[PDB]
$ cat entry-v4.txt   # compact mmCIF, C-alpha atoms and all ligand atoms
# COMPACT_ATOMS: atom_id res chain seq x y z
CA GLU A 1 -32.34 45.18 -6.76
CA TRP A 2 -28.88 45.80 -5.08
CA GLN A 3 -26.78 44.32 -7.99
CA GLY A 4 -28.71 46.35 -10.68
CA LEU A 5 -28.12 49.64 -8.76
CA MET A 6 -24.30 49.11 -8.58
CA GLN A 7 -24.37 49.20 -12.47
CA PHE A 8 -26.78 52.25 -12.79
CA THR A 9 -25.69 55.45 -14.66
CA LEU A 10 -27.68 58.77 -14.39
CA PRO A 11 -28.75 60.14 -17.82
CA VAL A 12 -26.72 63.20 -18.96
CA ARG A 13 -29.87 65.47 -19.21
CA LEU A 14 -30.42 64.96 -15.39
CA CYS A 15 -26.66 65.59 -14.64
CA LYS A 16 -27.33 69.37 -15.27
CA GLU A 17 -30.85 69.58 -13.71
CA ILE A 18 -30.13 67.59 -10.44
CA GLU A 19 -27.89 70.54 -9.27
CA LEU A 20 -30.85 73.01 -9.27
CA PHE A 21 -32.95 73.57 -6.12
CA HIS A 22 -36.28 73.42 -8.08
CA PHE A 23 -35.47 69.90 -9.54
CA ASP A 24 -38.46 67.50 -9.14
CA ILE A 25 -37.49 63.79 -8.76
CA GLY A 26 -41.29 62.94 -9.19
CA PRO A 27 -41.05 61.66 -12.83
CA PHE A 28 -37.99 59.33 -12.46
CA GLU A 29 -39.17 56.77 -9.79
CA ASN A 30 -37.07 53.86 -11.19
CA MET A 31 -33.95 56.15 -10.92
CA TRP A 32 -34.35 57.37 -7.24
CA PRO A 33 -31.94 54.85 -5.62
CA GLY A 34 -29.32 55.65 -8.36
CA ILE A 35 -29.96 59.41 -8.01
CA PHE A 36 -29.13 59.07 -4.24
CA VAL A 37 -25.81 57.19 -5.07
CA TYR A 38 -25.06 59.92 -7.70
CA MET A 39 -25.61 62.68 -5.08
CA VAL A 40 -23.45 60.86 -2.48
CA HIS A 41 -20.55 60.26 -4.97
CA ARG A 42 -20.67 63.92 -6.23
CA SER A 43 -20.84 65.34 -2.62
CA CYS A 44 -18.51 62.87 -0.74
CA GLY A 45 -16.61 61.28 -3.72
CA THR A 46 -16.77 57.79 -5.38
CA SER A 47 -14.12 56.53 -2.87
CA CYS A 48 -15.59 56.70 0.69
CA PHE A 49 -18.62 54.34 0.91
CA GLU A 50 -18.03 50.74 -0.31
CA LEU A 51 -20.53 50.69 -3.30
CA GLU A 52 -21.82 47.16 -2.38
CA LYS A 53 -22.63 48.32 1.23
CA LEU A 54 -24.20 51.65 0.06
CA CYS A 55 -26.57 49.97 -2.52
CA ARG A 56 -27.50 47.23 0.04
CA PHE A 57 -28.18 50.01 2.63
CA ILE A 58 -30.17 52.16 0.12
CA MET A 59 -32.46 49.23 -0.96
CA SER A 60 -33.15 48.31 2.75
CA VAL A 61 -34.08 51.97 3.52
CA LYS A 62 -36.57 51.91 0.58
CA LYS A 63 -38.09 48.61 1.92
CA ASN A 64 -38.45 50.21 5.42
CA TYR A 65 -40.55 53.14 4.06
CA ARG A 66 -44.29 52.34 4.06
CA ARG A 67 -46.83 52.93 1.22
CA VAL A 68 -48.36 56.02 2.96
CA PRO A 69 -49.61 59.02 0.93
CA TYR A 70 -46.79 61.49 1.95
CA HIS A 71 -44.09 60.28 4.48
CA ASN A 72 -42.83 57.63 1.97
CA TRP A 73 -39.73 56.72 -0.14
CA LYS A 74 -40.44 59.53 -2.72
CA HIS A 75 -40.38 62.05 0.19
CA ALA A 76 -37.05 60.67 1.58
CA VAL A 77 -35.27 61.19 -1.81
CA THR A 78 -36.91 64.67 -2.25
CA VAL A 79 -35.39 65.77 1.12
CA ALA A 80 -31.98 64.17 0.33
CA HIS A 81 -31.92 65.99 -3.08
CA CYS A 82 -32.62 69.36 -1.36
CA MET A 83 -29.77 68.69 1.19
CA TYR A 84 -27.49 67.74 -1.78
CA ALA A 85 -28.24 71.09 -3.52
CA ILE A 86 -27.66 72.97 -0.21
CA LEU A 87 -24.33 71.15 0.42
CA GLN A 88 -23.16 71.64 -3.24
CA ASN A 89 -23.87 75.40 -2.98
CA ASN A 90 -22.15 75.70 0.47
CA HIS A 91 -19.71 72.71 0.17
CA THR A 92 -16.65 74.04 2.10
CA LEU A 93 -18.73 75.28 5.11
CA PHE A 94 -19.41 71.63 6.08
CA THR A 95 -17.01 68.73 6.84
CA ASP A 96 -16.66 65.45 4.93
CA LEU A 97 -18.30 63.69 7.96
CA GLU A 98 -21.23 66.20 7.97
CA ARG A 99 -21.93 65.63 4.19
CA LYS A 100 -21.85 61.80 4.64
CA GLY A 101 -24.08 62.06 7.75
CA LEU A 102 -26.58 64.70 6.53
CA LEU A 103 -27.41 62.89 3.22
CA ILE A 104 -27.95 59.53 4.98
CA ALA A 105 -30.04 61.35 7.71
CA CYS A 106 -32.32 63.04 5.09
CA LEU A 107 -32.78 59.67 3.29
CA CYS A 108 -33.63 57.92 6.64
CA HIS A 109 -35.36 60.81 8.56
CA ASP A 110 -38.97 59.33 8.14
CA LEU A 111 -38.02 55.58 8.25
CA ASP A 112 -41.18 53.48 8.98
CA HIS A 113 -43.62 56.46 9.23
CA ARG A 114 -47.18 55.10 9.84
CA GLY A 115 -48.99 58.24 8.55
CA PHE A 116 -49.67 59.31 12.21
CA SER A 117 -48.44 62.47 14.06
CA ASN A 118 -46.65 62.58 17.45
CA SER A 119 -49.89 64.11 19.00
CA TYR A 120 -51.92 61.05 17.88
CA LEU A 121 -49.38 58.55 19.39
CA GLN A 122 -49.19 60.65 22.64
CA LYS A 123 -52.99 61.42 23.10
CA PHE A 124 -53.86 57.70 22.37
CA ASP A 125 -51.02 56.24 24.60
CA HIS A 126 -49.40 54.28 21.66
CA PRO A 127 -46.33 52.22 22.83
CA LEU A 128 -43.80 54.39 20.82
CA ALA A 129 -44.98 57.41 22.96
CA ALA A 130 -44.03 55.27 26.05
CA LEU A 131 -40.56 54.39 24.52
CA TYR A 132 -40.12 58.02 23.26
CA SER A 133 -41.69 60.73 25.45
CA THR A 134 -40.97 63.71 23.11
CA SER A 135 -40.10 63.77 19.33
CA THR A 136 -41.79 60.33 19.31
CA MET A 137 -41.61 59.30 15.61
CA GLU A 138 -38.24 61.11 15.03
CA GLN A 139 -36.60 58.96 17.79
CA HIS A 140 -38.08 55.82 16.15
CA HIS A 141 -36.72 57.05 12.75
CA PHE A 142 -33.16 57.27 14.24
CA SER A 143 -33.67 53.88 16.00
CA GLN A 144 -34.65 52.38 12.52
CA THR A 145 -31.53 53.98 10.90
CA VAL A 146 -29.16 52.40 13.49
CA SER A 147 -30.92 48.98 13.02
CA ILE A 148 -30.38 49.02 9.21
CA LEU A 149 -26.68 50.07 9.73
CA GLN A 150 -26.27 46.91 11.90
CA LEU A 151 -27.71 44.43 9.30
CA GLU A 152 -25.22 42.14 7.50
CA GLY A 153 -23.24 44.13 4.87
CA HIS A 154 -25.12 47.42 5.63
CA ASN A 155 -22.55 49.24 7.89
CA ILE A 156 -21.46 51.90 5.28
CA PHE A 157 -19.51 53.58 8.16
CA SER A 158 -17.41 50.41 9.03
CA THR A 159 -14.23 52.06 7.58
CA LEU A 160 -14.44 55.01 10.04
CA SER A 161 -12.49 55.22 13.31
CA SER A 162 -14.72 54.50 16.38
CA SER A 163 -14.41 58.30 17.17
CA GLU A 164 -15.77 59.29 13.71
CA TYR A 165 -18.44 56.49 13.90
CA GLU A 166 -19.92 58.10 17.12
CA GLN A 167 -19.49 61.59 15.53
CA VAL A 168 -21.56 60.73 12.37
CA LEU A 169 -24.17 58.81 14.49
CA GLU A 170 -24.62 62.09 16.57
CA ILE A 171 -24.78 64.28 13.42
CA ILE A 172 -27.49 61.86 12.11
CA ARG A 173 -29.32 61.72 15.51
CA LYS A 174 -29.51 65.55 15.90
CA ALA A 175 -30.52 66.05 12.23
CA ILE A 176 -33.36 63.42 12.35
CA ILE A 177 -34.53 64.83 15.79
CA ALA A 178 -34.59 68.42 14.30
CA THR A 179 -37.27 67.34 11.68
CA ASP A 180 -39.66 67.44 14.69
CA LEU A 181 -41.53 70.56 13.47
CA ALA A 182 -42.35 71.22 17.20
CA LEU A 183 -38.57 71.92 17.71
CA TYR A 184 -38.15 74.11 14.58
CA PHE A 185 -40.08 77.19 15.90
CA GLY A 186 -37.70 77.62 18.93
CA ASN A 187 -34.54 76.80 16.83
CA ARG A 188 -35.36 79.29 14.01
CA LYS A 189 -36.19 82.10 16.51
CA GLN A 190 -32.74 81.68 18.24
CA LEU A 191 -30.84 81.50 14.88
CA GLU A 192 -32.76 84.65 13.74
CA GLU A 193 -31.61 86.28 17.05
CA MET A 194 -27.96 85.06 16.58
CA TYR A 195 -28.03 86.36 12.95
CA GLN A 196 -29.32 89.89 13.88
CA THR A 197 -26.99 90.38 16.96
CA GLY A 198 -24.00 89.16 14.80
CA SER A 199 -23.30 86.43 17.44
CA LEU A 200 -23.83 83.55 14.88
CA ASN A 201 -20.58 81.55 14.53
CA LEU A 202 -20.38 78.30 12.45
CA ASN A 203 -17.21 77.21 14.40
CA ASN A 204 -19.37 77.25 17.61
CA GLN A 205 -20.64 73.61 17.76
CA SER A 206 -24.12 74.41 19.32
CA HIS A 207 -24.62 77.19 16.68
CA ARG A 208 -23.41 74.72 14.02
CA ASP A 209 -26.00 72.12 15.30
CA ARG A 210 -28.83 74.75 15.03
CA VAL A 211 -27.92 75.78 11.41
CA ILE A 212 -27.94 72.04 10.50
CA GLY A 213 -31.37 71.79 12.24
CA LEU A 214 -32.76 74.63 10.07
CA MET A 215 -31.30 72.95 6.91
CA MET A 216 -33.15 69.72 7.88
CA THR A 217 -36.45 71.74 8.15
CA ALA A 218 -35.67 73.61 4.86
CA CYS A 219 -35.16 70.12 3.22
CA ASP A 220 -38.21 68.52 4.96
CA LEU A 221 -40.52 71.31 3.66
CA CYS A 222 -38.97 71.73 0.13
CA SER A 223 -42.11 70.61 -1.82
CA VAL A 224 -43.26 74.26 -1.23
CA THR A 225 -40.12 75.24 -3.33
CA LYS A 226 -41.00 73.21 -6.48
CA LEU A 227 -42.98 74.59 -9.52
CA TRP A 228 -46.60 75.43 -8.56
CA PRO A 229 -48.21 72.31 -10.15
CA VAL A 230 -45.81 69.95 -8.25
CA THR A 231 -46.50 71.82 -4.92
CA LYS A 232 -50.35 71.64 -5.46
CA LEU A 233 -50.09 67.88 -6.20
CA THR A 234 -47.81 67.14 -3.14
CA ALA A 235 -50.34 68.93 -0.83
CA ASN A 236 -52.89 66.25 -2.01
CA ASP A 237 -50.66 63.54 -0.49
CA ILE A 238 -50.16 65.57 2.77
CA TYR A 239 -53.93 66.11 3.35
CA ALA A 240 -54.72 62.47 2.36
CA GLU A 241 -52.38 61.44 5.24
CA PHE A 242 -53.72 64.09 7.72
CA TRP A 243 -57.42 63.28 6.74
CA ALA A 244 -56.86 59.47 7.22
CA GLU A 245 -55.67 60.38 10.81
CA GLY A 246 -58.68 62.71 11.40
CA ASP A 247 -60.95 59.75 10.43
CA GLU A 248 -59.32 57.52 13.13
CA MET A 249 -59.89 60.31 15.70
CA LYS A 250 -63.62 60.57 14.65
CA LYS A 251 -64.11 56.75 15.05
CA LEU A 252 -62.91 57.29 18.72
CA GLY A 253 -65.34 60.25 19.32
CA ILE A 254 -62.51 62.88 18.98
CA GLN A 255 -63.09 65.88 16.70
CA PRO A 256 -59.70 66.43 14.81
CA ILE A 257 -57.97 69.81 14.29
CA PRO A 258 -59.32 71.35 11.05
CA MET A 259 -56.10 70.48 9.11
CA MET A 260 -56.98 66.75 9.72
CA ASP A 261 -60.80 67.06 9.12
CA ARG A 262 -61.75 66.05 5.53
CA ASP A 263 -65.11 67.85 6.07
CA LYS A 264 -63.12 71.18 6.21
CA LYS A 265 -61.25 70.59 2.82
CA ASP A 266 -62.86 73.85 1.48
CA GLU A 267 -60.39 75.71 3.75
CA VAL A 268 -57.22 74.04 2.24
CA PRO A 269 -56.06 77.15 0.26
CA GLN A 270 -56.19 79.32 3.48
CA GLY A 271 -54.55 76.42 5.42
CA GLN A 272 -51.57 76.41 2.97
CA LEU A 273 -51.40 80.26 3.01
CA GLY A 274 -51.12 80.21 6.86
CA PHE A 275 -48.44 77.47 6.79
CA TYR A 276 -46.42 79.54 4.25
CA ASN A 277 -46.76 82.75 6.36
CA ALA A 278 -46.12 81.13 9.79
CA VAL A 279 -43.74 78.19 8.90
CA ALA A 280 -42.19 78.03 5.39
CA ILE A 281 -41.40 81.74 4.58
CA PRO A 282 -39.61 82.39 7.93
CA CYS A 283 -37.69 79.07 7.49
CA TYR A 284 -36.19 79.84 4.03
CA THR A 285 -35.77 83.56 5.06
CA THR A 286 -33.51 82.75 8.04
CA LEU A 287 -31.76 80.03 5.93
CA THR A 288 -31.11 82.56 3.10
CA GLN A 289 -29.71 84.96 5.73
CA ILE A 290 -27.29 82.30 7.20
CA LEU A 291 -26.49 80.57 3.79
CA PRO A 292 -27.17 83.07 0.96
CA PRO A 293 -26.70 80.58 -1.95
CA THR A 294 -30.00 78.94 -0.65
CA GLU A 295 -32.02 82.08 -1.81
CA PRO A 296 -33.77 80.29 -4.78
CA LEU A 297 -35.65 78.15 -2.14
CA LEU A 298 -37.09 81.47 -0.72
CA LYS A 299 -37.88 82.77 -4.29
CA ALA A 300 -39.78 79.52 -5.23
CA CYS A 301 -41.63 79.53 -1.81
CA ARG A 302 -42.63 83.21 -2.40
CA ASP A 303 -43.87 82.31 -5.94
CA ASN A 304 -46.02 79.47 -4.40
CA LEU A 305 -47.39 81.85 -1.67
CA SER A 306 -48.68 84.38 -4.31
CA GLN A 307 -50.15 81.36 -6.23
CA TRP A 308 -52.19 80.40 -3.08
CA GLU A 309 -53.29 84.09 -2.58
CA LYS A 310 -54.40 83.93 -6.27
CA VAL A 311 -56.35 80.63 -5.59
CA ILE A 312 -58.10 82.15 -2.49
CA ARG A 313 -59.80 84.88 -4.68
CA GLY A 314 -61.08 82.39 -7.37
CA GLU A 315 -58.00 82.38 -9.76
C1 LIG B 401 -44.54 70.66 2.74
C2 LIG B 401 -45.49 70.67 3.90
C3 LIG B 401 -45.11 70.18 5.17
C4 LIG B 401 -45.99 70.19 6.19
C5 LIG B 401 -45.70 69.72 7.58
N1 LIG B 401 -47.26 70.68 5.92
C6 LIG B 401 -48.39 70.83 6.70
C7 LIG B 401 -49.36 71.35 5.90
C8 LIG B 401 -50.76 71.71 6.27
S1 LIG B 401 -50.87 73.52 6.34
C9 LIG B 401 -52.46 73.69 7.01
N2 LIG B 401 -53.61 73.39 6.43
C10 LIG B 401 -54.58 73.76 7.37
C11 LIG B 401 -56.00 73.54 7.10
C12 LIG B 401 -56.96 73.94 8.03
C13 LIG B 401 -58.31 73.74 7.76
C14 LIG B 401 -58.70 73.14 6.57
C15 LIG B 401 -57.76 72.73 5.65
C16 LIG B 401 -56.41 72.93 5.92
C17 LIG B 401 -54.00 74.31 8.46
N3 LIG B 401 -52.64 74.26 8.23
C18 LIG B 401 -51.60 74.74 9.14
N4 LIG B 401 -48.87 71.54 4.62
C19 LIG B 401 -47.60 71.13 4.64
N5 LIG B 401 -46.71 71.13 3.64
MG MG B 402 -41.01 63.43 9.84
ZN ZN B 403 -40.02 64.31 6.39
$ encode --input "entry-v4.txt" --output "C-alpha cells" --more "lines below"
Ligand SMILES: Cc1cc(C)n2cc(CSc3nc(-c4ccccc4)cn3C)nc2n1
Ligand SMILES: [Mg+2]
Ligand SMILES: [Zn+2]
Amino acid sequence: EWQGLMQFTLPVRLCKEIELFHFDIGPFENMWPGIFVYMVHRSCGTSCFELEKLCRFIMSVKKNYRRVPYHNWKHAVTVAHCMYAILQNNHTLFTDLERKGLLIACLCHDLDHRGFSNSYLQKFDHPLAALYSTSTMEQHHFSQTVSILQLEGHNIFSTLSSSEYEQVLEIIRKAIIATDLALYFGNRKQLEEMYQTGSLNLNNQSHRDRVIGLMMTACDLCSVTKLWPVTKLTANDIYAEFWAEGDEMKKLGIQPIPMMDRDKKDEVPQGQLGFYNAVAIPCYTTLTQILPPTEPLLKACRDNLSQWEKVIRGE
C-alpha cells in the first residue's frame, strides 16, 4: 500500500478541480491517500516531509479509521481537502509549521471514532470519559495521532528542531480539540465580537488559535458546502451513525434526543434547517468576515439552506 502511493500521480483533470472549495473527493476513493500527498506537497512543498515516512504515516492513519457510517477515512480526507483550499486561498497568513500541522490534524482529527458522541461516553461512564473528562473523543483522537507518529518510520516531524516539534504538536492538539462542537459556540461568539470591535489581530497568539479553531469547524462541517446531492447523501451517513447510537440508548431504557431517534426521521429536513441556521451559517459567516477568500463556503451553505427550505414545503 505504502510503496504504491510513493509512485502515485494525480490525474491532470483533478489538478484544476482540487483547488475549488466545492470539490467532492467522493468518486475517487482509490486516489484519497495520493490526493492528501498532493495537497501536502502543493501547500508545504515536495521537500519537507520524507516521502517514505509520509506515505507510511498516511496508510497507518487510514487503517486507524473505523468502518463507521460518517466519522471514517472518507470524512478525514474531506476535512483535509477543505483546509487545503482555505490555506491555498490565504497561504501567506499562516506559517510553514501551521500548514504542516493543520493538514495532518484535519487528516487525524477523528482517528478511531467509534460512532459514539462525547455525551454517550460521559452519561454511560465509558473508560475514555474517565481518561478524558471534557472533549472526550477529541483528546483520544490527539492521543491516537501521537501514537502513530511514534511508530517505526512514521515520525514525519523527525527533521524538526525539538522546539518546532513541540510547536507543531501544540498546533495539532489545539486544532483537534477545537473540533469539539461544544467548544465552537463560545469560540465563534468571541471571534465575532473581536471582528466587530476591530480588536481581532492575527499576530496575537490566542486570537490566532481561535481563528484556527473556527477553520477546523469550517472544515469539519464542509459537507454542507458541497453540491446539494452530495450534501443530501452525506446527511444519510450522519443520521445512520446518530440513529445507531439512539438504538443503544433505547436498549438501556434511555429515550435519545430526537436527532438520534430513527422513529423521528420524518423531522430530518427541519433538523438540517435548524443546524444550518444555528451552527453552519454563523460558522462560514464569521469565517468569511475574518478570511474573505473563504466566501464560496458561505455561498454553497446558503444554496443548501434554501434547498432544505424547498424540501420542507414538498419540493
Ligand atoms: C455536516 C454535519 C455535521 C454535524 C455535526 N451535523 C449534525 C447534524 C444533525 S442536524 C439535526 N437534525 C436534527 C433532527 C431532529 C429530529 C429529527 C431528525 C433530525 C436536529 N439537529 C440539530 N447534521 C450535521 N451535519
Ligand atoms: Mg469529531
Ligand atoms: Zn470530523
$ residues_around --input "entry-v4.txt" --residues "residue 183 (chain A)" --least-positions-apart "3" --cutoff "10 Å" --atoms "only C-alpha atoms" --output "PyMOL selection string"
chain A and resi 135+177-180+186-188+213-214+217
$ residues_near_ligand --input "entry-v4.txt" --ligand "ligand LIG 401 (chain B)" --cutoff "7 Å" --atoms "only C-alpha atoms and all ligand atoms" --output "PyMOL selection string"
chain A and resi 221-224+235+238+258-259+261+264-268+270-272+274-275
$ residues_near_ligand --input "entry-v4.txt" --ligand "ligand ZN 403 (chain B)" --cutoff "8 Å" --atoms "only C-alpha atoms and all ligand atoms" --output "PyMOL selection string"
chain A and resi 71+75-76+79+106+109-110+179+220-221
$ write_last_selection --input "entry-v4.txt" --atoms "C-alpha atoms" --output "mmCIF file, in the frame of the given file"
data_model
loop_
_atom_site.group_PDB
_atom_site.id
_atom_site.type_symbol
_atom_site.label_atom_id
_atom_site.label_comp_id
_atom_site.auth_asym_id
_atom_site.auth_seq_id
_atom_site.Cartn_x
_atom_site.Cartn_y
_atom_site.Cartn_z
ATOM 1 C CA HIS A 71 -44.090 60.280 4.480
ATOM 2 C CA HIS A 75 -40.380 62.050 0.190
ATOM 3 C CA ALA A 76 -37.050 60.670 1.580
ATOM 4 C CA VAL A 79 -35.390 65.770 1.120
ATOM 5 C CA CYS A 106 -32.320 63.040 5.090
ATOM 6 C CA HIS A 109 -35.360 60.810 8.560
ATOM 7 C CA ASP A 110 -38.970 59.330 8.140
ATOM 8 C CA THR A 179 -37.270 67.340 11.680
ATOM 9 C CA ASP A 220 -38.210 68.520 4.960
ATOM 10 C CA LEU A 221 -40.520 71.310 3.660
#
$ axis_aligned_box --input "entry-v4.txt" --around "region 266-273 of chain A" --padding-each-side "6 Å" --output "AutoDock Vina command-line options"
--center_x -57.1 --center_y 77.1 --center_z 2.8 --size_x 23.5 --size_y 18.4 --size_z 17.2
$ closest_residue --input "entry-v4.txt" --among "A:105, A:128, A:86, A:37" --to "ligand MG 402 (chain B)" --atoms "all atoms listed in the file"
A:105
$ residues_around --input "entry-v4.txt" --residues "region 282-289 of chain A" --least-positions-apart "6" --cutoff "12 Å" --atoms "only C-alpha atoms" --output "count of residues only"
45
$ closest_residue --input "entry-v4.txt" --among "A:107, A:171, A:149, A:129" --to "ligand MG 402 (chain B)" --atoms "all atoms listed in the file"
A:107
$ residues_around --input "entry-v4.txt" --residues "region 2-12 of chain A" --least-positions-apart "2" --cutoff "12 Å" --atoms "all atoms listed in the file" --output "compact mmCIF listing (two decimals) with C-alpha atoms, in the coordinates of the input"
# COMPACT_ATOMS: atom_id res chain seq x y z
CA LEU A 14 -30.42 64.96 -15.39
CA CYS A 15 -26.66 65.59 -14.64
CA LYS A 16 -27.33 69.37 -15.27
CA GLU A 17 -30.85 69.58 -13.71
CA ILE A 18 -30.13 67.59 -10.44
CA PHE A 28 -37.99 59.33 -12.46
CA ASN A 30 -37.07 53.86 -11.19
CA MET A 31 -33.95 56.15 -10.92
CA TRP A 32 -34.35 57.37 -7.24
CA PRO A 33 -31.94 54.85 -5.62
CA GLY A 34 -29.32 55.65 -8.36
CA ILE A 35 -29.96 59.41 -8.01
CA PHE A 36 -29.13 59.07 -4.24
CA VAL A 37 -25.81 57.19 -5.07
CA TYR A 38 -25.06 59.92 -7.70
CA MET A 39 -25.61 62.68 -5.08
CA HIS A 41 -20.55 60.26 -4.97
CA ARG A 42 -20.67 63.92 -6.23
CA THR A 46 -16.77 57.79 -5.38
CA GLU A 50 -18.03 50.74 -0.31
CA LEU A 51 -20.53 50.69 -3.30
CA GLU A 52 -21.82 47.16 -2.38
CA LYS A 53 -22.63 48.32 1.23
CA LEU A 54 -24.20 51.65 0.06
CA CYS A 55 -26.57 49.97 -2.52
CA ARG A 56 -27.50 47.23 0.04
CA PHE A 57 -28.18 50.01 2.63
CA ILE A 58 -30.17 52.16 0.12
CA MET A 59 -32.46 49.23 -0.96
CA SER A 60 -33.15 48.31 2.75
CA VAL A 61 -34.08 51.97 3.52
CA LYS A 62 -36.57 51.91 0.58
CA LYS A 63 -38.09 48.61 1.92
CA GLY A 153 -23.24 44.13 4.87
CA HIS A 154 -25.12 47.42 5.63
$ atom_distance --input "entry-v4.txt" --atom1 "CA of residue 118 (chain A)" --atom2 "CA of residue 137 (chain A)"
6.3 Å
$ closest_residue --input "entry-v4.txt" --among "A:117, A:78, A:134, A:95" --to "ligand MG 402 (chain B)" --atoms "all atoms listed in the file"
A:117
$ closest_residue --input "entry-v4.txt" --among "A:21, A:243, A:116, A:308" --to "ligand MG 402 (chain B)" --atoms "all atoms listed in the file"
A:116
$ atom_distance --input "entry-v4.txt" --atom1 "CA of residue 260 (chain A)" --atom2 "atom MG of ligand MG 402 (chain B)"
16.3 Å
$ closest_residue --input "entry-v4.txt" --among "A:101, A:156, A:242, A:27" --to "residue 257 (chain A)" --atoms "all atoms listed in the file"
A:242
$ residues_around --input "entry-v4.txt" --residues "residue 160 (chain A)" --least-positions-apart "6" --cutoff "12 Å" --atoms "all atoms listed in the file" --output "compact mmCIF listing (two decimals) with C-alpha atoms, keeping the file's coordinate frame"
# COMPACT_ATOMS: atom_id res chain seq x y z
CA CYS A 48 -15.59 56.70 0.69
CA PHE A 49 -18.62 54.34 0.91
CA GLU A 50 -18.03 50.74 -0.31
CA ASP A 96 -16.66 65.45 4.93
CA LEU A 97 -18.30 63.69 7.96
CA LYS A 100 -21.85 61.80 4.64
CA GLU A 166 -19.92 58.10 17.12
CA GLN A 167 -19.49 61.59 15.53
CA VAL A 168 -21.56 60.73 12.37
CA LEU A 169 -24.17 58.81 14.49
$ closest_residue --input "entry-v4.txt" --among "A:77, A:40, A:176, A:227" --to "ligand MG 402 (chain B)" --atoms "only C-alpha atoms and all ligand atoms"
A:176
$ atom_distance --input "entry-v4.txt" --atom1 "CA of residue 19 (chain A)" --atom2 "CA of residue 293 (chain A)"
12.5 Å
